[PDB]
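Atoms within each ligand, like the ligands themselves, are counted from 1 in listed order. Note: hydrogens, waters and symmetry copies are ignored here, and every other heavy atom, side chains too, is used. Throughout, a chain's letter reflects where its sequence line sits, starting with A, and its residues are numbered from 1.
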Amino acid sequence: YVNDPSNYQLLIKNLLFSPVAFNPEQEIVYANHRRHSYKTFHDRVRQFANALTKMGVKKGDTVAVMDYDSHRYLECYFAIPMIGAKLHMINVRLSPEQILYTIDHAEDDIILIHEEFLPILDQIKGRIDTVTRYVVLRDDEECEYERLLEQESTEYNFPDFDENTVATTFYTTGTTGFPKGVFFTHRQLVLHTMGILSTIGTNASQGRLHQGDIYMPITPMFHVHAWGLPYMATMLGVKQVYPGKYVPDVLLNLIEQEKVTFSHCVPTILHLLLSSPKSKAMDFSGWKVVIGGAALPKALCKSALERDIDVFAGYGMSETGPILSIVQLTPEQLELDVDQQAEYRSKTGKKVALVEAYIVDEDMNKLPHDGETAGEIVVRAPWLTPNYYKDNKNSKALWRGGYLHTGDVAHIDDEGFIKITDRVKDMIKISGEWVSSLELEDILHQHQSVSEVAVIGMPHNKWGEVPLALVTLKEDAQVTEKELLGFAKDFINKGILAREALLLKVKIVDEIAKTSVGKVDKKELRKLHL
Amino acid sequence: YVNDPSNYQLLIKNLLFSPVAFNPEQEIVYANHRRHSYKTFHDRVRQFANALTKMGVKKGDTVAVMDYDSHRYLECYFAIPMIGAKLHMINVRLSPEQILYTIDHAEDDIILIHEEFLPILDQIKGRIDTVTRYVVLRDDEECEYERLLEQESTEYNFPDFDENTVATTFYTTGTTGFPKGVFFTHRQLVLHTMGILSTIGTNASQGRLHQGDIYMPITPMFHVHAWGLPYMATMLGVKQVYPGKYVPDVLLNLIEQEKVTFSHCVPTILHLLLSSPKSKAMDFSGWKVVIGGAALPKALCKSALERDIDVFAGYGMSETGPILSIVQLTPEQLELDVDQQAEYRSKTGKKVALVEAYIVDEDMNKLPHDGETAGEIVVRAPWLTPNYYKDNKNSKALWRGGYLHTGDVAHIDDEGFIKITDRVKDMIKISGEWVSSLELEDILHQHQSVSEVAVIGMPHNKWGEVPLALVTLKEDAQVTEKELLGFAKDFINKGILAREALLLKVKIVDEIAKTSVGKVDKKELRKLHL
Amino acid sequence: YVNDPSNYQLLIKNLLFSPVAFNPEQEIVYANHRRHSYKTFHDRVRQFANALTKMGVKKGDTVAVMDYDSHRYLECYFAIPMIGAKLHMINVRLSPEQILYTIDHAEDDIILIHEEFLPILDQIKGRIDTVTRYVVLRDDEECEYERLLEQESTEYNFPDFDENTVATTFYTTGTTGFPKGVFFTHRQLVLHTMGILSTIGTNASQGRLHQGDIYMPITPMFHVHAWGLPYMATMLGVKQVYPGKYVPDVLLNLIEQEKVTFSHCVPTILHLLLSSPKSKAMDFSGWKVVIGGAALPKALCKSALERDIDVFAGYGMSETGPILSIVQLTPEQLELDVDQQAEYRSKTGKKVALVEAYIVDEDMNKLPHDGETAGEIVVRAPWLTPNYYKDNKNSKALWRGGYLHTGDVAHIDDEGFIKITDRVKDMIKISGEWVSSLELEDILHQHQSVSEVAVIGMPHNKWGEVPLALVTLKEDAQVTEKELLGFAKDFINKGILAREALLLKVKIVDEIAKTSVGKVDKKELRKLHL
Ligand SMILES: Nc1ncnc2c1ncn2[C@@H]1O[C@H](COP(=O)(O)OP(=O)(O)OP(=O)(O)O)[C@@H](O)[C@H]1O
Ligand SMILES: Nc1ncnc2c1ncn2[C@@H]1O[C@H](COP(=O)(O)OP(=O)(O)OP(=O)(O)O)[C@@H](O)[C@H]1O
Ligand SMILES: Nc1ncnc2c1ncn2[C@@H]1O[C@H](COP(=O)(O)OP(=O)(O)OP(=O)(O)O)[C@@H](O)[C@H]1O
């Protein structure tokens, strides 16, 4: 690659070595395990580049990582792409067969794997063909990664290549029959970092990430680049605490002891942290979790705002950066009380710098932002995957009409607030309308005798795709289908016929099929019952 | 231009229509003249695009602007580049012959000119060949720009082109025999905006620009893109106040009445504002001027910090964005008293996100950042001009060794603070060393009987390029050359022989040649005396 | 595609419409189901092209077929490639998960499927994404293919395209973790047809295919193009009988009634046909089966030659045409008695026209054709797959050293006879030598008390990869491991130490893991026991 120095390329090494701030005595902390400064972190990154080069890793190669959140994962975020290789982030919560599929599909050359994921490997290792080396990672001195790093020099000259070289890849299960692979370039990751820093860095006084913060992730580093936050923290040169495996007591201790002020997580882990007993005597009033990944419920938001936590939501997916929108509150909206707060903070948010985000219908017509007209969200941004790796027909559907299709159904306010209402697939196509299964499920779950409910589409010749319910009861709880029907038929203010209560078809089921991720399997649910 | 929607191009229209924040009721204020909201501003930008298209302006064309800071200049910053044309910003403080040269060199098609610069035009209009239309701008209803805009529609579909299309150009006098033309692309301006927003937006608590600020420029909009601040303010959607022609009373009233909180200026105007009588009864403790363009003196910095002004310096040039470095203070450095503050705040600063900035010697060897070793600053950044327009030999010297040569001589601290010490040309090459003329000039001007001094290089056969002084005395003030020599020879702690006092050669001169910009002409000074 | 008529392209349509012989009253017979002449067959091929075009099938598309051997499969062999589409032949003996994988990997647009394979589909249909139409095939009038064909015209102008356009694809399980996809072009299939017709057509008086023969396949049409024989039969214009689903009574009746004279099959089906009772009163002395796919055993060859059957073997794989070599006997070798005959006829054969076929060692050195030195067979021919579809690392290993690696271990005679001795993977790497597991297995199975044996590689620190046995006993049969050891240790004339009897390690096991194809799983066998 011959480059003229005038033609600036946006590479991840510029992110590491041309930061917003660099303090060589700031520290990276791994749990109660290890602790070292930013000068050691830079040295270790160069050593890791030396070690990878010694193993025969080249510019086009793929190195796969399977570990928890640690300093080693942070070093892989930089060293692998800076040598020109491609970081394949393995989703360890998939089943072994899916994991084997993604390793075969990506064609990894080396696998870095934690010792306590060696049992998943034991049952798929006979079928792996492309992998020449396995490096076992441990939390003590017996780590093979530490031994590899120790015998290398702290010197390395990182190459210059085109900014459009692929940097990372990971696989998303979604709604297809096999996992799909997304990928991003150096330019896209660099631009995601600066775009989000421009958006949440400039907020007047709520929900801002700045150079005085202390960062600790609580959302996996293999999911969406950990929302890109490990890159933005490094760019800001702030203290970074890595908890390892998520255990609520350990997490609460790390927050108290290392004085964490910025995190991301998902509603389940936040509920676990707040409902822990050890959390009752803890000061939380300097902490700023952003909750992405699932809809933040208003009840959880309210419970968190009474502990003085600056909780807010964000939106994104595997195909999109991940960040597309965040909730940011004006000085007047900060004057409201906890209920009007909890309403705003639970929204999907407003779109970030350099994002388009229209709501459209099935034929790609743009719907008004009136506050109630719903449609599918389609986006244009500087950091979207152009297609699925090694895939054509699914890629065409991803980018239909010149926009990226998120698969989520929402309405937008006239002031720009986005409220996701359901999924495109999950929408019931009764008669001629589209009711959301989410609101009906939420109504039914409000019952004092219900633990879970799913809503699916059964058919009808007269009203087409019509609603149906599965309900699961609690300890020694028995409420019939007809009673549930009446309870639902109570409510008012809905569409269709009357307010949609003649097709509820509620059924009580011991269990609802759930994936390995813990999300109810709507595909198998509609396979079994019909 | 055919683009696939996947391939995202970084254009200025995305800056206008994909902001960090958009409030359609936020306002743009022109002095006491006009006031309208952001919704009117977007409408006017589309109208201006319609009007330019009607005049035959095409993608490659050049529109030249000659006005003060106003809303019209802000509209030209967006409309001209968004149609694909090139905005040539005319430096109205140059002499008429230089202005004529730059108009001929750039080959402008249309000229927008304020009525009170029509006398400069009257004497160069006979020699302009390429210009087909002159639009006269006025501060009342008789403006030709307002009439052109009124008869257009508020609708316009802005094209998509390559991100490497040139957006702006302007000319810098510098050290050559004619002005040199620099140019920037859409990608470079967009990246300058996000890089600076990432740097100064994320500061913990001092010197930050955010979405709650009110912006008013006090540095010309034709100089360096006004430090890029008009783009960053628009991106943040904050209130923007344009003062027009700089008069200190009007400026102080605008600060008081519109509640301005962020500005940029140069030391002379700041001294005028602080030394005004009307400024004695004014609250200044929410104002954050950044002083670039010349070295901020410690005495001015101290006088400003006792009025509670958040004053800080920044560094950049016509060839470089303009921003390369800014002073940003840590929470501990904010605990210091006004003297240790005034020391830090007057430094050139630390480099911003995505900037390299080495100090080097004459043969391109990198000098240590020990705190006192000086050398020329050379930089790499995403927003540097690749060459001078229509120029080859000077362009080769600009990028010698694969780095951009700034022409400034500085040392860097081990913590990253840059202190500019002099110019490369102005360095005295006595014997084998390089003394700075700036420190000697500063010493000599400390005298209670001196109004100004210049230091230049006279020659010597024995000590080569040796120092020489020109001094100008005050009202009825007479101090001989020998007395000045003794006064200088007093001081201690310097290099060369003894502490360099045998070649001072001080001469008293009624005047020192000054350019139209007001900067002492070192070239003519060394032409006259030798 | 613009072609000059001078530049002749080798396309499959030339095979159909420029044959060696065309008799429009010759007939295609499907079992006891249907019967029509070659003029109807050409008309139906044009109708099928019309129907496929009406469904939106284009030049690059993929149509997948899942049926038994019938006239419809023969029509798919021509119509799909002649329109420029790609025929994906689905292996219905794979498990449903593998079938689903190959459908996803190939990205089929339409699926033609027989009604009695609809239960495999029912359990993978929820996970198929790319398929827009399913055409159900039946053996009566209710076939959807017949209905589609009836409403089309018998006219169609077939395009001219490049001869290097892909025509067919199918997937082979082999030794990797997922099935691999091979593909062939029009040129390759045409050249395979003429090369084999040149080889076996010109034989003096044994084992020749000519224009007076009657052809009936007994090896699946989805396996290797049915050894390319359906193309060669059509080219010769001979009568073609398709039996449908292989049932020995039906097959014997078809041979007797339609007077079949040329077939291909595998040893198991031939053993079933010869050992049937209905076969005892059948004249077989005009029939010429070629046995490929597995090694033809000498005992089966001898039993077939006493019924006066012209039995001979052939060699090929999914990656190679399939044909690479056939046994062809000289007039002197036809004078030998049934034992010396059965020896020659069971060999792998000699290579066919335009085939290279060297035996090599692990470092790609060419071994002598002395008659006993063994090595891996590597080939060059006009009809080999250049790589695996969507695959890089496995493709590199397929073509290592500039030759295609078959994975089989054989020695070659000085007269050119090839005798395959084992697989490359199955070779035991004891000490420094390579014994074949096949000869040891054959010895052990000779025991009067054994039903099956497998030999695998257990390890040893002293002799490296050393032999091990699994044995299964017959009805109420019990012979210990030590007795088996002694029985084996009897024999003489072998290598290593003594004659290799100290590491036999025989174990009696109720069952030996078998794949869905019925081939013993050596991979799982070495996974379980070690
Ligand atoms: N703030 C939010 N509110 C509501 N839904 C959200 C929010 N953030 C993310 N989501 C949902 O999670 C999706 C993120 O995409 P992702 O890559 O994680 O797919 P996925 O986790 O693999 O889905 P699945 O488990 O079904 O296979 C979004 O498309 C959206 O459906
Ligand atoms: N904070 C600062 N401290 C010291 N010098 C500075 C600072 N900022 C800018 N400068 C000086 O002003 C220069 C900016 O470049 P610029 O485009 O303005 O050239 P110029 O104004 O046309 O020079 P001239 O008047 O001599 O022709 C810098 O190279 C540097 O010399
Ligand atoms: N005449 C023959 N003698 C011995 N072995 C043969 C003969 N013909 C074919 N074979 C074997 O069958 C192989 C043909 O390749 P093929 O495409 O059928 O792989 P496969 O059937 O899918 O193997 P597997 O079941 O293990 O997955 C040859 O490589 C060879 O091992």
Is any heavy atom of the protein nearer than 4.0 Å to atom 17 (O) of ligand 2?
-> yes
Under 4.0 angstrom from atom 21 (O) of ligand 1, is there any protein heavy atom?
-> no
of all protein heavy atoms, closest to atom 27 (O) of ligand 2 is B/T173 OG1, 2.7 Å
How far is atom 11 (C) of ligand 3 from its nearest protein heavy atom, and which residue and atom name does that atom have?
-> C/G293 O, 4.0 Å
Any ion pair linking B/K514 and B/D521 (charged N to carboxylate O, less than 4.0 Å)?
-> no
May I ask whether A/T172 has any heavy atom positioned less than 4.0 angstrom from an atom of ligand 1?
-> yes
May I ask you to check if ligand 1 and [X] share an N or O to N or O distance below 3.5 Å?
X: A/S318; value: yes
X: A/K519; value: no
X: A/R423; value: yes

So, the side chain of A/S436 versus the backbone of A/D422: is there a donor-acceptor pair under 3.5 Å, distance only?
-> no
Within the distance-only criterion (no hydrogens, no angle test), does the side chain of B/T320 pair as donor or acceptor with the backbone N or O of B/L384 below 3.5 angstrom?
-> no
May I ask you to list the atoms of ligand 1 that are less than 4.0 angstrom from any heavy atom of A/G314?
-> 1 (N)
Under 4.0 Å from one or more heavy atoms of A/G174, ligand 1 contributes atoms 27 (O)
What do we get for A/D408 next to ligand 1 when only non-hydrogen atoms under 4.0 Å count, side chain, backbone, both or neither?
-> side chain
Are any of the N or O atoms of C/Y315 closer than 3.5 Å to those of ligand 3?
-> no
To atom 3 (N) of ligand 1, the nearest of A/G407, A/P267, A/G292, A/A295 on a heavy-atom basis is A/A295
Candidates A/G349, A/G316, A/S516, A/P179; heavy atom nearest atom 9 (C) of ligand 1 found on A/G316
Kindly assign one of parallel, tilted or perpendicular to the pair B/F170 and B/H225, based on the angle between their ring planes and the thresholds 30° and 60°.
-> perpendicular
Is any side-chain heavy atom of A/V424 less than 4.5 Å from a side-chain heavy atom of A/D426?
-> no
B/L300 versus B/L296: any side-chain heavy-atom pair under 4.5 Å?
-> yes
May I ask you to identify, for B/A294, whether its side chain, its backbone, both or neither come under 4.0 Å of ligand 2 on a heavy-atom basis?
-> backbone
Return the minimal non-hydrogen interatomic distance between A/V289 and A/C265, and the atom names on each side.
-> CG2-SG, 3.5 Å
Taking every heavy atom of A/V311 against every heavy atom of A/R345, the minimum-distance pair comes out as O-NH1, 3.1 Å
Is a side-chain donor-acceptor pair under 3.5 Å present for C/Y171 with C/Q98?
-> no
B/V378 and B/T406: side-chain contact (heavy atoms from CB on, under 4.5 Å), yes or no, with the steps?
-> CA-CA 6 Å; B/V378 292; B/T406 61; over 6 Å; no
